[PDB]
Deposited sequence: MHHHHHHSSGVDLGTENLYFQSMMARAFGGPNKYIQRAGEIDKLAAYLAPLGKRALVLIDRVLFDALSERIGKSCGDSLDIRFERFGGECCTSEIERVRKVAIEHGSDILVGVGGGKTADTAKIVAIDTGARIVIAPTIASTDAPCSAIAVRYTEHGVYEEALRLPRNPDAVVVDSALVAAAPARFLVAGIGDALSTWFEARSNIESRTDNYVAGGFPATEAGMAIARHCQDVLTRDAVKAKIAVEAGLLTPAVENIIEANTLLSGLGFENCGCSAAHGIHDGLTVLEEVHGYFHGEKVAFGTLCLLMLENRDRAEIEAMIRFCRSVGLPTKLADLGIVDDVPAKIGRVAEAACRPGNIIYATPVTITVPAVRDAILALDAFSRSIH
């Protein structure tokens, strides 16, 4: 067996948010449009069909899922639309599967693999990982407005680089462990998925630095565009069709630490990728090359870079217990997983990183 899933339609073009309504119309009659707080005003202005606009509470947790879900039943919504980062998108997704509504995602930032996948992640109200839901349907359409996306602070693009950085390495773990992907109901990876995942790593090495340099200067270039697709299309297609591993599992456990709450999903995953490499005891040169790559774009490569500086061995112990709960994605790793091993991998990565100047 083997199985692939992806969005019916991915489109990436500057200004495309002005024509967003024109993608909704063929899909439903009643659209609930959910828009991150910061941009709720201008994108309500700017966006046979009526739109209810709702404002997004910031976190993907049960209370907000529920609020928005109740909004939708009353609306009678045909279509859930997510217009924000990954938390907004996942919320629209979860509300959609629950409603029977079609899904459209228009990211406003390229900071995570969430917009393309069938997976939605729920946190507590304090942003502690709760549960990854494997949905049955990918989105109907993903509509990325490059200009919009390239306008955000530079840190949002770098954080997507760091989340996309896990893709190839985590696919490599699932191939070596022969573990299923989350494409419903879960199956071995397709050659298609393996290729996307491999190619995602290549696009990042070729363009990341050039893209980071360009957004910092308020510019939108072909390098930025390549990175937007790598952060969004290649990464989501990869992670969904190949599987997650210890990079994401370590992101999950990192969420138990409060000091970490203000760092982006993509920066924790970047750090978690570096830990996956040490856990699987990869080549020193590969680990060092990834460390230098992360440093070159400003992603974290030491515990200290994610605010973890006091009582570190005890904290990491907590991170590792939470990652290692029976059933978790970290068990996709072609290594024998114990808490001591995951805890000692994170600390060893940290130390080895601390020795590189």
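- Gaps in the coordinates relative to the deposited sequence fall at 1-24, 72-77.
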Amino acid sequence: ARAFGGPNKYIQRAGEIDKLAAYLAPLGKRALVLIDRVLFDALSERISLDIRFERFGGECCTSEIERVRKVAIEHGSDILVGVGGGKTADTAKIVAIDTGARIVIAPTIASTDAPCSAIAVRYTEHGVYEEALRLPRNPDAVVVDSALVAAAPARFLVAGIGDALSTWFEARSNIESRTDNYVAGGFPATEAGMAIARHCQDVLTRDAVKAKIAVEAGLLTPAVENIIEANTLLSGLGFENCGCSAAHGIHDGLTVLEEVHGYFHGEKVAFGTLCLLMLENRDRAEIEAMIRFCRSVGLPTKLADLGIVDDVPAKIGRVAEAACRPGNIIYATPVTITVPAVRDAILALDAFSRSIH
From here on, numbers count along this sequence of modelled residues.
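- Checked against the record, the higher mean CA B factor of 326-334 and 289-297 lies with 326-334.
- Stretches 123-131 and 225-233 differ in mean C-alpha B factor, with the higher average recorded for 123-131.
- Across the options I11, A25, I346, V339, the residue with the most elevated CA B-factor in the record is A25.
- Among the modelled residues of the chain, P188 sits in the middle third by CA temperature factor in this PDB entry.
- Among the modelled residues of the chain, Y182 sits in the highest third by CA temperature factor in this PDB entry.
- The entry lists a Cα temperature factor for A304 that places it in the middle third of the chain's modelled residues.
- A214: CA B factor in the middle third of modelled residues in this chain (values from the PDB entry).
- Annotation for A96: C-alpha temperature factor in the highest third relative to the rest of the modelled chain, per the entry.
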